[PDB]
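# Secondary and tertiary structure notes
These are the residues of each chain, in order.
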Amino acid sequence: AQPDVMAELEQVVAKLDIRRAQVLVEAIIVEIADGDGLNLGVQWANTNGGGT
Amino acid sequence: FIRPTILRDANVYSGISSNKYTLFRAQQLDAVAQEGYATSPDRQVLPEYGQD
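Note on numbering: residues are counted from 1 along each chain in the order of its written sequence, which can differ from the entry, and residues with no coordinates are hidden. Note on labels: chains are lettered from A, ligands numbered from 1, in written order. This view covers only part of a larger assembly, and the values given relate to that part. By convention in this description, side-chain values take in all heavy atoms of the structure and omit both hydrogens and water.

Going by the header, the method for this PDB entry is cryo-EM, and the resolution given is 3.70 Å.

## Topic: the overall build of chain A
Secondary structure elements follow DSSP: runs of H or I of four or more residues count as helices, runs of E of two or more count as strands, with numbering from the N terminus. The secondary structure content of chain A amounts to one helix and two strands. N-terminal to C-terminal, the α/β element order of chain A is α-β-β. Radius of gyration (C-alpha) of chain A: 39 Å, far over the 10 Å computed for a compact globule of 52 residues. Out of the 52 residues in chain A, the part that is buried amounts to 0%. We compute the radius of gyration over the C-alpha atoms and compare it with the globule rule, which gives 2.2 Å times the number of residues raised to the power 0.38. Three exposure classes are used, based on accessible area relative to the maximum for each residue type with a 1.4 Å probe and protein chains only: buried under 20%, partly exposed in between, and exposed over 50%.

## Topic: the side chain of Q28 of chain B
You can see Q28 of chain B is positioned in helix 1 (residues 11–38). In this analysis, two residues are considered to be in contact whenever any of their non-hydrogen atoms come within 4.5 Å of each other. Those residues within four positions of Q28 of chain B in sequence are excluded, and the remaining contacts are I32 of chain A together with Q44, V45 and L46 of chain B.

## Points about unusual backbone geometry
Residue and element names in this part refer to chain B. With a phi angle near 65°, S40 is a residue other than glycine that sits in the positive phi range. Relative to the assigned elements, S40 resides in the segment after helix 1. A positive phi angle, close to 40°, is found at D52, a residue other than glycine. Topologically, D52 is positioned in the segment after helix 1. When its relative accessible area of 87% is taken as the criterion, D52 is described as exposed.

## Remarks on the interface of chain B and chain A
Many descriptions give the size of an interface as the accessible area lost when the pieces come together. Across the boundary between the two partners, chain B contributes four residues, which contact five residues of chain A. Summing the contributions of chain B and of chain A, the shared interface buries around 390 Å²; its carbon and sulfur component is 75%. Any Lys or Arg side-chain nitrogen found within 4 Å of a carboxyl oxygen on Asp or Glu counts as a salt bridge. Our count for the contact surface shared by chain B and chain A stands at one salt bridge. With a shortest N-O distance of 3.8 Å, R43 of chain B and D34 of chain A are connected by a salt bridge. We define a polar contact as two N or O atoms separated by no more than 3.5 Å, with the added condition that, inside protein, one atom must be a possible hydrogen donor and the other a possible acceptor, whereas residues neighbouring each other in sequence contribute only through side-chain atom pairs. Inspection of the region where chain B meets chain A yields zero residue pairs in polar contact. By buried area we mean the combined loss of accessible area, with a 1.4 Å probe, across both parts when two parts are placed together.

## Section: the side chain of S18 of chain B
Tracing the backbone through its elements, the reader meets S18 of chain B in helix 1. One polar contact links the side chain of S18 of chain B to the main-chain carbonyl oxygen of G15 of chain B, over a distance of 2.8 Å.

Here it is as structure tokens:
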């Protein structure tokens, strides 16, 4: 380009070529799980009377 | 039910995250003090905020 644009492109480039900063990203995924089943049940079977 | 909560700046977003980070940490430390009682199992705990 014209020397006028060369000097303009030269500032654009210098701004655009800036050392891009780096990012360290730690994620922390914590899960906790449990639970309590209970099955208690009583059956009575009698020949004479009846069964449950 | 939906309960929104707005973070205008960063300092409100630490406190909001710190109380979930700690309430989660405090829950793990509570689970250790039952597993410690029962013996022969391990629940492993998240450190303190900002210590890695």
